[PDB]
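Quick look at input_6.txt (compact mmCIF, N, CA and C atoms):
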# COMPACT_ATOMS: atom_id res chain seq x y z
N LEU A 860 5.72 -50.60 16.84
CA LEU A 860 6.73 -49.69 16.24
C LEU A 860 6.46 -49.56 14.74
N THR A 861 6.78 -50.61 13.96
CA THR A 861 6.43 -50.66 12.54
C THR A 861 5.08 -51.35 12.38
N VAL A 862 4.38 -51.04 11.28
CA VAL A 862 3.13 -51.71 10.94
C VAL A 862 3.38 -53.21 10.80
N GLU A 863 4.54 -53.55 10.22
CA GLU A 863 4.97 -54.91 10.02
C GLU A 863 4.93 -55.64 11.36
N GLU A 864 5.52 -55.02 12.39
CA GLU A 864 5.64 -55.62 13.71
C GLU A 864 4.25 -55.81 14.32
N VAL A 865 3.33 -54.86 14.08
CA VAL A 865 1.96 -54.98 14.57
C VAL A 865 1.30 -56.17 13.90
N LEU A 866 1.44 -56.28 12.58
CA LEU A 866 0.82 -57.37 11.83
C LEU A 866 1.41 -58.72 12.22
N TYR A 867 2.69 -58.75 12.60
CA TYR A 867 3.31 -60.00 12.98
C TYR A 867 2.75 -60.56 14.30
N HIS A 868 1.98 -59.76 15.04
CA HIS A 868 1.40 -60.21 16.30
C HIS A 868 -0.04 -60.69 16.13
N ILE A 869 -0.64 -60.51 14.95
CA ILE A 869 -1.99 -60.98 14.69
C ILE A 869 -1.95 -62.50 14.54
N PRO A 870 -2.63 -63.29 15.42
CA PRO A 870 -2.50 -64.75 15.40
C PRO A 870 -2.86 -65.39 14.06
N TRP A 871 -3.91 -64.86 13.42
CA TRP A 871 -4.42 -65.46 12.21
C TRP A 871 -3.64 -65.07 10.96
N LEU A 872 -2.56 -64.28 11.10
CA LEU A 872 -1.62 -64.11 10.00
C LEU A 872 -0.45 -65.07 10.16
N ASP A 873 -0.33 -65.67 11.35
CA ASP A 873 0.50 -66.84 11.59
C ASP A 873 1.97 -66.53 11.30
N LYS A 874 2.39 -65.28 11.53
CA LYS A 874 3.75 -64.83 11.32
C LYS A 874 4.24 -65.17 9.91
N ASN A 875 3.33 -65.19 8.94
CA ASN A 875 3.66 -65.52 7.56
C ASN A 875 3.99 -64.22 6.84
N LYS A 876 5.21 -64.13 6.32
CA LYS A 876 5.72 -62.90 5.73
C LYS A 876 4.94 -62.57 4.46
N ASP A 877 4.53 -63.58 3.68
CA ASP A 877 3.76 -63.32 2.48
C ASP A 877 2.38 -62.77 2.85
N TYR A 878 1.72 -63.35 3.85
CA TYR A 878 0.40 -62.88 4.26
C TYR A 878 0.50 -61.46 4.83
N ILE A 879 1.55 -61.23 5.62
CA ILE A 879 1.77 -59.93 6.22
C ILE A 879 2.11 -58.91 5.14
N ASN A 880 3.01 -59.26 4.21
CA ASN A 880 3.36 -58.36 3.12
C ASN A 880 2.09 -57.93 2.36
N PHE A 881 1.22 -58.90 2.04
CA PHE A 881 0.00 -58.60 1.31
C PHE A 881 -0.87 -57.60 2.09
N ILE A 882 -1.10 -57.88 3.38
CA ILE A 882 -1.99 -57.05 4.19
C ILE A 882 -1.45 -55.63 4.26
N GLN A 883 -0.14 -55.52 4.47
CA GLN A 883 0.56 -54.26 4.63
C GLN A 883 0.37 -53.33 3.43
N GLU A 884 0.01 -53.90 2.27
CA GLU A 884 -0.17 -53.12 1.06
C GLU A 884 -1.31 -52.10 1.24
N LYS A 885 -2.31 -52.39 2.07
CA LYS A 885 -3.37 -51.40 2.29
C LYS A 885 -3.68 -51.17 3.77
N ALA A 886 -2.92 -51.78 4.68
CA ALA A 886 -3.06 -51.50 6.10
C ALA A 886 -2.67 -50.04 6.32
N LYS A 887 -3.36 -49.32 7.21
CA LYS A 887 -3.02 -47.93 7.49
C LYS A 887 -2.97 -47.71 9.00
N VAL A 888 -2.07 -46.82 9.46
CA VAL A 888 -2.11 -46.34 10.83
C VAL A 888 -3.23 -45.30 10.88
N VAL A 889 -4.18 -45.46 11.81
CA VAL A 889 -5.27 -44.51 11.99
C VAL A 889 -5.34 -44.11 13.46
N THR A 890 -5.33 -42.80 13.71
CA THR A 890 -5.29 -42.23 15.05
C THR A 890 -6.61 -41.54 15.36
N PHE A 891 -7.11 -41.75 16.57
CA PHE A 891 -8.34 -41.13 17.04
C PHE A 891 -8.01 -40.20 18.21
N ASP A 892 -8.66 -39.03 18.23
CA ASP A 892 -8.61 -38.16 19.40
C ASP A 892 -9.38 -38.78 20.57
N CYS A 893 -9.02 -38.34 21.78
CA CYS A 893 -9.75 -38.73 22.98
C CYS A 893 -11.21 -38.34 22.79
N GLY A 894 -12.12 -39.25 23.14
CA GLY A 894 -13.55 -38.99 23.08
C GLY A 894 -14.20 -39.37 21.75
N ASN A 895 -13.38 -39.59 20.71
CA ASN A 895 -13.89 -39.96 19.40
C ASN A 895 -14.50 -41.36 19.42
N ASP A 896 -15.55 -41.55 18.61
CA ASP A 896 -16.09 -42.87 18.33
C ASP A 896 -15.40 -43.45 17.10
N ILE A 897 -14.95 -44.69 17.23
CA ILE A 897 -14.46 -45.42 16.08
C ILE A 897 -15.66 -45.85 15.24
N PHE A 898 -16.73 -46.28 15.92
CA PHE A 898 -17.95 -46.64 15.23
C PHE A 898 -19.07 -46.68 16.25
N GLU A 899 -20.29 -46.76 15.72
CA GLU A 899 -21.50 -46.77 16.50
C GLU A 899 -22.23 -48.08 16.25
N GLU A 900 -22.99 -48.48 17.26
CA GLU A 900 -23.91 -49.60 17.16
C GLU A 900 -24.77 -49.40 15.92
N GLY A 901 -24.84 -50.40 15.04
CA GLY A 901 -25.66 -50.29 13.85
C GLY A 901 -24.84 -50.04 12.58
N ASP A 902 -23.61 -49.52 12.70
CA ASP A 902 -22.79 -49.25 11.54
C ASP A 902 -22.43 -50.56 10.83
N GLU A 903 -22.32 -50.49 9.50
CA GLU A 903 -21.72 -51.55 8.71
C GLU A 903 -20.24 -51.64 9.07
N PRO A 904 -19.66 -52.85 9.18
CA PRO A 904 -18.24 -53.00 9.49
C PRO A 904 -17.34 -52.50 8.37
N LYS A 905 -16.31 -51.71 8.69
CA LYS A 905 -15.43 -51.12 7.69
C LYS A 905 -14.13 -51.94 7.56
N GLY A 906 -13.76 -52.67 8.61
CA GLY A 906 -12.57 -53.49 8.55
C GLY A 906 -12.13 -53.87 9.96
N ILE A 907 -10.83 -54.09 10.11
CA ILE A 907 -10.27 -54.56 11.37
C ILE A 907 -9.34 -53.50 11.93
N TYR A 908 -9.46 -53.24 13.24
CA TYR A 908 -8.56 -52.32 13.92
C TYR A 908 -7.78 -53.14 14.93
N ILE A 909 -6.45 -53.03 14.87
CA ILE A 909 -5.59 -53.51 15.94
C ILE A 909 -5.13 -52.29 16.72
N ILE A 910 -5.43 -52.26 18.02
CA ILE A 910 -5.02 -51.18 18.89
C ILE A 910 -3.52 -51.25 19.11
N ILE A 911 -2.85 -50.15 18.76
CA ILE A 911 -1.43 -50.00 19.02
C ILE A 911 -1.21 -49.40 20.42
N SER A 912 -1.92 -48.30 20.72
CA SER A 912 -1.84 -47.62 21.99
C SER A 912 -3.19 -46.99 22.32
N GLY A 913 -3.46 -46.83 23.61
CA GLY A 913 -4.65 -46.13 24.07
C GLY A 913 -5.69 -47.10 24.62
N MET A 914 -6.85 -46.55 25.00
CA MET A 914 -7.89 -47.33 25.64
C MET A 914 -9.20 -47.07 24.91
N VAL A 915 -9.87 -48.15 24.49
CA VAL A 915 -11.15 -48.11 23.79
C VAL A 915 -12.21 -48.75 24.68
N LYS A 916 -13.37 -48.10 24.79
CA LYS A 916 -14.48 -48.65 25.56
C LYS A 916 -15.63 -49.02 24.63
N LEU A 917 -16.05 -50.28 24.69
CA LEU A 917 -17.18 -50.78 23.94
C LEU A 917 -18.43 -50.59 24.79
N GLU A 918 -19.53 -50.17 24.15
CA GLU A 918 -20.80 -49.98 24.84
C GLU A 918 -21.95 -50.44 23.94
N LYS A 919 -22.91 -51.14 24.55
CA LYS A 919 -24.11 -51.58 23.87
C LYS A 919 -25.28 -50.78 24.43
N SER A 920 -25.72 -49.75 23.70
CA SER A 920 -26.90 -48.99 24.08
C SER A 920 -28.17 -49.75 23.66
N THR A 942 -20.27 -52.54 28.74
CA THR A 942 -19.06 -51.86 29.25
C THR A 942 -17.90 -52.86 29.26
N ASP A 943 -17.12 -52.87 28.16
CA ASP A 943 -15.88 -53.62 28.05
C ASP A 943 -14.78 -52.68 27.55
N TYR A 944 -13.55 -52.82 28.08
CA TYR A 944 -12.45 -51.95 27.70
C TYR A 944 -11.43 -52.78 26.93
N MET A 945 -10.76 -52.15 25.97
CA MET A 945 -9.80 -52.84 25.11
C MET A 945 -8.51 -52.02 25.05
N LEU A 946 -7.37 -52.73 25.03
CA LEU A 946 -6.08 -52.06 25.15
C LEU A 946 -5.15 -52.59 24.07
N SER A 947 -3.89 -52.13 24.14
CA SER A 947 -2.85 -52.43 23.16
C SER A 947 -2.78 -53.92 22.82
N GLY A 948 -2.76 -54.24 21.53
CA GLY A 948 -2.68 -55.62 21.09
C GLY A 948 -4.05 -56.23 20.77
N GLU A 949 -5.14 -55.67 21.30
CA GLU A 949 -6.45 -56.25 21.05
C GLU A 949 -6.99 -55.81 19.69
N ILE A 950 -7.84 -56.68 19.13
CA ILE A 950 -8.32 -56.47 17.78
C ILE A 950 -9.83 -56.25 17.80
N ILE A 951 -10.27 -55.25 17.03
CA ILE A 951 -11.68 -54.92 16.90
C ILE A 951 -12.15 -55.30 15.50
N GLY A 952 -13.33 -55.94 15.40
CA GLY A 952 -14.02 -56.03 14.11
C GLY A 952 -14.00 -57.41 13.43
N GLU A 953 -13.35 -58.41 14.03
CA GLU A 953 -13.16 -59.71 13.39
C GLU A 953 -14.49 -60.38 13.05
N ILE A 954 -15.36 -60.54 14.04
CA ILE A 954 -16.63 -61.23 13.85
C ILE A 954 -17.47 -60.54 12.79
N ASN A 955 -17.60 -59.21 12.94
CA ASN A 955 -18.43 -58.42 12.04
C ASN A 955 -17.88 -58.44 10.62
N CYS A 956 -16.55 -58.45 10.44
CA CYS A 956 -16.01 -58.61 9.09
C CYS A 956 -16.29 -60.01 8.53
N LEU A 957 -16.24 -61.05 9.38
CA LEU A 957 -16.52 -62.42 8.94
C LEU A 957 -18.00 -62.62 8.59
N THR A 958 -18.95 -62.02 9.33
CA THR A 958 -20.38 -62.22 9.09
C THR A 958 -20.94 -61.11 8.22
N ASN A 959 -20.23 -59.97 8.17
CA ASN A 959 -20.68 -58.77 7.46
C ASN A 959 -22.02 -58.28 8.03
N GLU A 960 -22.17 -58.39 9.35
CA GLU A 960 -23.35 -57.90 10.05
C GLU A 960 -23.04 -56.59 10.78
N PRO A 961 -24.06 -55.73 10.99
CA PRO A 961 -23.87 -54.46 11.68
C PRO A 961 -23.28 -54.61 13.08
N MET A 962 -22.48 -53.63 13.50
CA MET A 962 -21.87 -53.69 14.82
C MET A 962 -22.99 -53.67 15.85
N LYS A 963 -22.82 -54.43 16.95
CA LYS A 963 -23.82 -54.50 18.00
C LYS A 963 -23.39 -53.71 19.23
N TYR A 964 -22.35 -52.88 19.09
CA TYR A 964 -21.93 -52.00 20.16
C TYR A 964 -21.19 -50.83 19.51
N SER A 965 -21.01 -49.77 20.30
CA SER A 965 -20.20 -48.62 19.95
C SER A 965 -18.81 -48.81 20.53
N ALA A 966 -17.81 -48.15 19.91
CA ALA A 966 -16.45 -48.08 20.43
C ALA A 966 -16.07 -46.62 20.58
N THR A 967 -15.76 -46.19 21.81
CA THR A 967 -15.37 -44.82 22.10
C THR A 967 -13.96 -44.82 22.67
N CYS A 968 -13.13 -43.90 22.18
CA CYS A 968 -11.77 -43.73 22.66
C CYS A 968 -11.76 -42.94 23.98
N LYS A 969 -11.18 -43.54 25.02
CA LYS A 969 -11.05 -42.92 26.32
C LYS A 969 -9.69 -42.23 26.48
N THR A 970 -8.77 -42.44 25.53
CA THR A 970 -7.55 -41.66 25.40
C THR A 970 -7.34 -41.41 23.91
N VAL A 971 -6.29 -40.69 23.52
CA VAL A 971 -5.81 -40.79 22.15
C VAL A 971 -5.57 -42.27 21.85
N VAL A 972 -6.08 -42.76 20.71
CA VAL A 972 -5.94 -44.17 20.37
C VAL A 972 -5.25 -44.27 19.01
N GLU A 973 -4.20 -45.09 18.94
CA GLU A 973 -3.55 -45.38 17.68
C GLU A 973 -3.88 -46.82 17.30
N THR A 974 -4.28 -47.01 16.03
CA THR A 974 -4.70 -48.30 15.50
C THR A 974 -3.97 -48.59 14.20
N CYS A 975 -3.82 -49.88 13.91
CA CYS A 975 -3.58 -50.34 12.56
C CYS A 975 -4.91 -50.79 11.98
N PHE A 976 -5.32 -50.21 10.85
CA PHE A 976 -6.58 -50.55 10.22
C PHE A 976 -6.35 -51.30 8.91
N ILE A 977 -7.08 -52.41 8.77
CA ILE A 977 -7.17 -53.20 7.55
C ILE A 977 -8.58 -53.08 7.00
N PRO A 978 -8.77 -52.46 5.81
CA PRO A 978 -10.10 -52.40 5.22
C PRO A 978 -10.64 -53.81 4.96
N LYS A 979 -11.95 -53.94 5.15
CA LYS A 979 -12.65 -55.20 5.00
C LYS A 979 -12.42 -55.78 3.62
N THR A 980 -12.45 -54.95 2.56
CA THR A 980 -12.33 -55.48 1.21
C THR A 980 -10.94 -56.09 1.01
N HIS A 981 -9.91 -55.50 1.65
CA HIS A 981 -8.55 -55.99 1.49
C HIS A 981 -8.38 -57.30 2.26
N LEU A 982 -9.09 -57.41 3.38
CA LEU A 982 -9.13 -58.67 4.09
C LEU A 982 -9.73 -59.78 3.22
N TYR A 983 -10.89 -59.49 2.60
CA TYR A 983 -11.53 -60.45 1.71
C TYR A 983 -10.59 -60.79 0.56
N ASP A 984 -9.86 -59.79 0.04
CA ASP A 984 -8.92 -60.05 -1.04
C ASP A 984 -7.85 -61.03 -0.55
N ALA A 985 -7.42 -60.88 0.70
CA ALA A 985 -6.40 -61.75 1.28
C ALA A 985 -6.87 -63.20 1.32
N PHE A 986 -8.16 -63.40 1.56
CA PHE A 986 -8.72 -64.74 1.62
C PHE A 986 -8.62 -65.39 0.23
N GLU A 987 -8.72 -64.59 -0.82
CA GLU A 987 -8.73 -65.12 -2.18
C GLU A 987 -7.30 -65.21 -2.73
N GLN A 988 -6.47 -64.19 -2.49
CA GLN A 988 -5.17 -64.11 -3.14
C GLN A 988 -4.05 -64.67 -2.26
N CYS A 989 -4.19 -64.62 -0.93
CA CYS A 989 -3.18 -65.23 -0.08
C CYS A 989 -3.61 -66.63 0.29
N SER A 990 -4.61 -66.74 1.17
CA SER A 990 -5.06 -68.05 1.60
C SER A 990 -6.44 -67.98 2.22
N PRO A 991 -7.38 -68.86 1.81
CA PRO A 991 -8.61 -69.06 2.56
C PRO A 991 -8.38 -69.44 4.02
N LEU A 992 -7.21 -70.01 4.35
CA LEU A 992 -6.94 -70.48 5.70
C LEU A 992 -6.90 -69.33 6.71
N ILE A 993 -6.65 -68.09 6.26
CA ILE A 993 -6.65 -66.92 7.12
C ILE A 993 -8.02 -66.77 7.79
N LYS A 994 -9.09 -66.96 7.02
CA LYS A 994 -10.45 -66.90 7.51
C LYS A 994 -10.68 -67.99 8.56
N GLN A 995 -10.24 -69.22 8.29
CA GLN A 995 -10.38 -70.31 9.25
C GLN A 995 -9.59 -70.00 10.52
N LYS A 996 -8.40 -69.40 10.38
CA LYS A 996 -7.59 -69.02 11.53
C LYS A 996 -8.22 -67.91 12.37
N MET A 997 -8.98 -67.00 11.73
CA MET A 997 -9.73 -65.96 12.43
C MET A 997 -10.82 -66.57 13.30
N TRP A 998 -11.53 -67.58 12.77
CA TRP A 998 -12.53 -68.32 13.53
C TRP A 998 -11.90 -69.08 14.70
N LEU A 999 -10.72 -69.68 14.45
CA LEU A 999 -9.94 -70.34 15.49
C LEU A 999 -9.59 -69.38 16.63
N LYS A 1000 -9.03 -68.23 16.28
CA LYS A 1000 -8.67 -67.23 17.27
C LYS A 1000 -9.89 -66.87 18.13
N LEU A 1001 -11.06 -66.74 17.49
CA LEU A 1001 -12.27 -66.35 18.20
C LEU A 1001 -12.75 -67.48 19.10
N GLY A 1002 -12.61 -68.73 18.66
CA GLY A 1002 -12.99 -69.88 19.47
C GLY A 1002 -12.16 -70.01 20.76
N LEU A 1003 -10.84 -69.90 20.59
CA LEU A 1003 -9.92 -70.00 21.71
C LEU A 1003 -10.14 -68.86 22.71
N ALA A 1004 -10.42 -67.65 22.22
CA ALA A 1004 -10.81 -66.55 23.08
C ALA A 1004 -12.05 -66.91 23.90
N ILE A 1005 -13.12 -67.38 23.23
CA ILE A 1005 -14.32 -67.80 23.94
C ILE A 1005 -13.92 -68.77 25.04
N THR A 1006 -13.13 -69.78 24.69
CA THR A 1006 -12.78 -70.81 25.65
C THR A 1006 -11.98 -70.19 26.80
N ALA A 1007 -10.96 -69.40 26.48
CA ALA A 1007 -10.15 -68.77 27.52
C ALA A 1007 -11.00 -67.89 28.43
N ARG A 1008 -11.85 -67.05 27.82
CA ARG A 1008 -12.71 -66.14 28.56
C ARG A 1008 -13.65 -66.91 29.49
N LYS A 1009 -14.04 -68.13 29.10
CA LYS A 1009 -14.88 -68.97 29.94
C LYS A 1009 -14.15 -69.26 31.25
N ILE A 1010 -12.86 -69.63 31.14
CA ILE A 1010 -12.07 -69.98 32.31
C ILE A 1010 -11.77 -68.71 33.12
N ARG A 1011 -11.33 -67.64 32.43
CA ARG A 1011 -10.95 -66.39 33.06
C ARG A 1011 -12.20 -65.55 33.37

Please express the file's structure as structure tokens.
Amino acid sequence: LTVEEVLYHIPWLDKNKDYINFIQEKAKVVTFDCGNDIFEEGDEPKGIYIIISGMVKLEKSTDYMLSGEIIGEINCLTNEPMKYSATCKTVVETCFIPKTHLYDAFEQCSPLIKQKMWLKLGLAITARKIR
């Protein structure tokens, strides 16, 4: 509903109002038409997208992503080119955090946000192993 509410669901912001307030300063709602690419394999990472609504398909020249899922964490952490494309299979609404503002958050809010992003990715790996 609100950008605030979307940010409050990101695990690595840890429901911290100060961290969320900071991010919200440059977080933007970004909408894609059906069929649009958010990015292509090889692109430099621009930031983090949290899917609000719609369906995104990742392809490495086949994984689907839905509401609540986050795109771009690893690539923002390593600053390496994307290794897959993301194509919108419906109208897709996202909350976007630019990479530079994320890095600013690590310096001005807390370095622990970065550690929490790695944590989130580890637990996903582990969960995905079981599931």

Exercise. How many Å lie between atom N of residue A:988 and atom N of residue A:962, rounded to one decimal?
Worked result: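 Atom-to-atom, atom N of residue A:988 and atom N of residue A:962 are spaced 25.0 Å apart.
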
Residues near stretch 911-915 of chain A, cut-off 12 Å, only C-alpha atoms, skip fewer than 2 positions along chain, as a compact mmCIF listing (two decimals) with N, CA and C atoms, in the coordinates of the input:
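Below is the file selection-v1.txt, written as the result:
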# COMPACT_ATOMS: atom_id res chain seq x y z
N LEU A 860 5.72 -50.60 16.84
CA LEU A 860 6.73 -49.69 16.24
C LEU A 860 6.46 -49.56 14.74
N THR A 861 6.78 -50.61 13.96
CA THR A 861 6.43 -50.66 12.54
C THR A 861 5.08 -51.35 12.38
N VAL A 862 4.38 -51.04 11.28
CA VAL A 862 3.13 -51.71 10.94
C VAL A 862 3.38 -53.21 10.80
N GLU A 864 5.52 -55.02 12.39
CA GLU A 864 5.64 -55.62 13.71
C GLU A 864 4.25 -55.81 14.32
N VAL A 865 3.33 -54.86 14.08
CA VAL A 865 1.96 -54.98 14.57
C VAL A 865 1.30 -56.17 13.90
N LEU A 866 1.44 -56.28 12.58
CA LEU A 866 0.82 -57.37 11.83
C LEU A 866 1.41 -58.72 12.22
N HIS A 868 1.98 -59.76 15.04
CA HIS A 868 1.40 -60.21 16.30
C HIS A 868 -0.04 -60.69 16.13
N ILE A 869 -0.64 -60.51 14.95
CA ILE A 869 -1.99 -60.98 14.69
C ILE A 869 -1.95 -62.50 14.54
N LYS A 887 -3.36 -49.32 7.21
CA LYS A 887 -3.02 -47.93 7.49
C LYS A 887 -2.97 -47.71 9.00
N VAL A 888 -2.07 -46.82 9.46
CA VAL A 888 -2.11 -46.34 10.83
C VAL A 888 -3.23 -45.30 10.88
N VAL A 889 -4.18 -45.46 11.81
CA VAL A 889 -5.27 -44.51 11.99
C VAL A 889 -5.34 -44.11 13.46
N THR A 890 -5.33 -42.80 13.71
CA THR A 890 -5.29 -42.23 15.05
C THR A 890 -6.61 -41.54 15.36
N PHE A 891 -7.11 -41.75 16.57
CA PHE A 891 -8.34 -41.13 17.04
C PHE A 891 -8.01 -40.20 18.21
N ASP A 892 -8.66 -39.03 18.23
CA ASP A 892 -8.61 -38.16 19.40
C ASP A 892 -9.38 -38.78 20.57
N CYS A 893 -9.02 -38.34 21.78
CA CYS A 893 -9.75 -38.73 22.98
C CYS A 893 -11.21 -38.34 22.79
N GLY A 894 -12.12 -39.25 23.14
CA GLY A 894 -13.55 -38.99 23.08
C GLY A 894 -14.20 -39.37 21.75
N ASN A 895 -13.38 -39.59 20.71
CA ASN A 895 -13.89 -39.96 19.40
C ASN A 895 -14.50 -41.36 19.42
N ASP A 896 -15.55 -41.55 18.61
CA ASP A 896 -16.09 -42.87 18.33
C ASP A 896 -15.40 -43.45 17.10
N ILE A 897 -14.95 -44.69 17.23
CA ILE A 897 -14.46 -45.42 16.08
C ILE A 897 -15.66 -45.85 15.24
N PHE A 898 -16.73 -46.28 15.92
CA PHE A 898 -17.95 -46.64 15.23
C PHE A 898 -19.07 -46.68 16.25
N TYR A 908 -9.46 -53.24 13.24
CA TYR A 908 -8.56 -52.32 13.92
C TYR A 908 -7.78 -53.14 14.93
N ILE A 909 -6.45 -53.03 14.87
CA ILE A 909 -5.59 -53.51 15.94
C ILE A 909 -5.13 -52.29 16.72
N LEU A 917 -16.05 -50.28 24.69
CA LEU A 917 -17.18 -50.78 23.94
C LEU A 917 -18.43 -50.59 24.79
N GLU A 918 -19.53 -50.17 24.15
CA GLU A 918 -20.80 -49.98 24.84
C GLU A 918 -21.95 -50.44 23.94
N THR A 942 -20.27 -52.54 28.74
CA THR A 942 -19.06 -51.86 29.25
C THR A 942 -17.90 -52.86 29.26
N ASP A 943 -17.12 -52.87 28.16
CA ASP A 943 -15.88 -53.62 28.05
C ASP A 943 -14.78 -52.68 27.55
N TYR A 944 -13.55 -52.82 28.08
CA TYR A 944 -12.45 -51.95 27.70
C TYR A 944 -11.43 -52.78 26.93
N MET A 945 -10.76 -52.15 25.97
CA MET A 945 -9.80 -52.84 25.11
C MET A 945 -8.51 -52.02 25.05
N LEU A 946 -7.37 -52.73 25.03
CA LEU A 946 -6.08 -52.06 25.15
C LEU A 946 -5.15 -52.59 24.07
N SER A 947 -3.89 -52.13 24.14
CA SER A 947 -2.85 -52.43 23.16
C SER A 947 -2.78 -53.92 22.82
N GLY A 948 -2.76 -54.24 21.53
CA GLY A 948 -2.68 -55.62 21.09
C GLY A 948 -4.05 -56.23 20.77
N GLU A 949 -5.14 -55.67 21.30
CA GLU A 949 -6.45 -56.25 21.05
C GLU A 949 -6.99 -55.81 19.69
N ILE A 950 -7.84 -56.68 19.13
CA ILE A 950 -8.32 -56.47 17.78
C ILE A 950 -9.83 -56.25 17.80
N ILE A 951 -10.27 -55.25 17.03
CA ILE A 951 -11.68 -54.92 16.90
C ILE A 951 -12.15 -55.30 15.50
N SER A 965 -21.01 -49.77 20.30
CA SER A 965 -20.20 -48.62 19.95
C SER A 965 -18.81 -48.81 20.53
N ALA A 966 -17.81 -48.15 19.91
CA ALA A 966 -16.45 -48.08 20.43
C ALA A 966 -16.07 -46.62 20.58
N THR A 967 -15.76 -46.19 21.81
CA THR A 967 -15.37 -44.82 22.10
C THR A 967 -13.96 -44.82 22.67
N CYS A 968 -13.13 -43.90 22.18
CA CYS A 968 -11.77 -43.73 22.66
C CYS A 968 -11.76 -42.94 23.98
N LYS A 969 -11.18 -43.54 25.02
CA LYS A 969 -11.05 -42.92 26.32
C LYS A 969 -9.69 -42.23 26.48
N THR A 970 -8.77 -42.44 25.53
CA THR A 970 -7.55 -41.66 25.40
C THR A 970 -7.34 -41.41 23.91
N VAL A 971 -6.29 -40.69 23.52
CA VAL A 971 -5.81 -40.79 22.15
C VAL A 971 -5.57 -42.27 21.85
N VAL A 972 -6.08 -42.76 20.71
CA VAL A 972 -5.94 -44.17 20.37
C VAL A 972 -5.25 -44.27 19.01
N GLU A 973 -4.20 -45.09 18.94
CA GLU A 973 -3.55 -45.38 17.68
C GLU A 973 -3.88 -46.82 17.30
N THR A 974 -4.28 -47.01 16.03
CA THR A 974 -4.70 -48.30 15.50
C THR A 974 -3.97 -48.59 14.20
N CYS A 975 -3.82 -49.88 13.91
CA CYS A 975 -3.58 -50.34 12.56
C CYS A 975 -4.91 -50.79 11.98
N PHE A 976 -5.32 -50.21 10.85
CA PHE A 976 -6.58 -50.55 10.22
C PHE A 976 -6.35 -51.30 8.91

Exercise. Chain A: which residues are helix (DSSP H, G or I) by DSSP, as number ranges by chain?
Worked result: A: 862-866, 870-872, 876-883, 953-958, 979-988, 992-1010

For this session: Using all atoms listed in the file, give me every residue within 6 Å of (-3.8, -58.8, 3.7) in file coordinates, as a list in words.
Result: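 Those residues lying close to the given coordinates are residues 878, 881, 882, 883, 981, 982 and 985 of chain A.
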
For this session: Give me, please, the distance in Å between atom N of residue A:980 and atom CA of residue A:1005, quoted to one decimal.
Result: 25.0 Å

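Here atom CA of residue A:872 is placed at a distance of 29.2 Å from atom CA of residue A:919.
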
For this session: Just give me the residues with any atom within 5 Å of (-14.6, -64.9, 12.4), file coordinates, counting all atoms listed in the file, written as a VMD selection string.
Result: chain A and resid 953 to 954 957 997 to 998

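Proximity to residue A:870 was assessed for A:1003, A:886, A:996, A:979 counting all atoms listed in the file; the smallest distance is recorded for A:996.
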
Exercise. Stretch 869-979 of chain A: which residues are strand (DSSP E) by DSSP, as a ChimeraX atom specification?
Worked result: /A:887-891,896-898,906-912,915-918,943-945,950-951,965-968,972-978

Exercise. With distances taken over only N, CA and C atoms, which of A:999, A:1010, A:956, A:1004 is nearest to residue A:907?
Worked result: A:956
